[PDB]
Every structure is written in structure tokens, then in C-alpha cells.
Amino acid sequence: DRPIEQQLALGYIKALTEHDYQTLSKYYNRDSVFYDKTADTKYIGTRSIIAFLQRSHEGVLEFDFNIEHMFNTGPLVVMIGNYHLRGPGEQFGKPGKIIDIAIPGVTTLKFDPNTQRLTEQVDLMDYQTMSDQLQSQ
């Protein structure tokens, strides 16, 4: 019973968190922007975004976006929750360990309503909470 724009957003998040790049790539064109505003990083276009997710998530054991609430205005979809990640810790400063983190965050997705491709994803992530958790591991 969720609006179509919300079903689009869940499909996108399912592919991302399942590390399914064949499905995920269907949502991207050359002009898609993946922007983490909190980290001031941007990845642009199918090839660069996919390549970044491959490097980031290689070997990850668990990755989910636990959604507390979502809503939309037209093709802008807003999702509030937390990301949990479990995996080898090299890339988080913790070699030889499996890290486990639960990061509060807000993600927006804006789709082009005529192509159903992503125009912009914006992440706002609570990196201090991540740092605090990693210091104890």
C-alpha cells in the first residue's frame, strides 16, 4: 500500500544492501550522484558508484538499513534509521577483527519519475557514533 516512489526506494535499498550490482546498476545513469554530505564525498555515474561500493563492501558479512520511518513528496523519498554493518575491520582501522557497528543515518533518494533512475542520493551519517563504537572494538 506504499506509494510507487516509496516502492522504488525500497527496491534500490534492497539491491544496495544485498550487494546486488546487476540490479543496482539498473537505477543509475551517467549523471547519478551519490553524495555523503556528512563526509563531503561524491561518486558520480553508474561505473564510479558501483566501483566504490565494490571496494567498500568487499568481504562484508552483514549490511542492512534498518528503516524506522520513511516518507515522500513526489519523487523525493526520505528514510530515517540506522545502518548496521558487520565485517573484516582492516578498512575501519581494526585489522584481524570482525567489527560490528550500528550507524544512525538519514538517506534521501530522488528519482526521475519518467525513467525511474536515481538523480541524487544524499546520506547524512552519524560518524561520531561509529567512531565511538569502533574505539571499544
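Residues carry their position along the shown sequence, with the first being 1.
- 21 to 29 and 109 to 117 differ in mean CA B-factor, and the higher of the two is recorded for 109 to 117.
- Legend: mean Cα B-factor per stretch from the PDB entry, 33 to 41 versus 63 to 71; the higher mean is in 33 to 41.
- In the deposited entry, the Cα temperature factor of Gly87 sits in the bottom third of values across the chain's modelled residues.
- In the PDB entry, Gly81 places in the middle third of its chain by CA B-factor.
- Among all modelled residues in its chain, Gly96 ranks in the lowest third by Cα B-factor.
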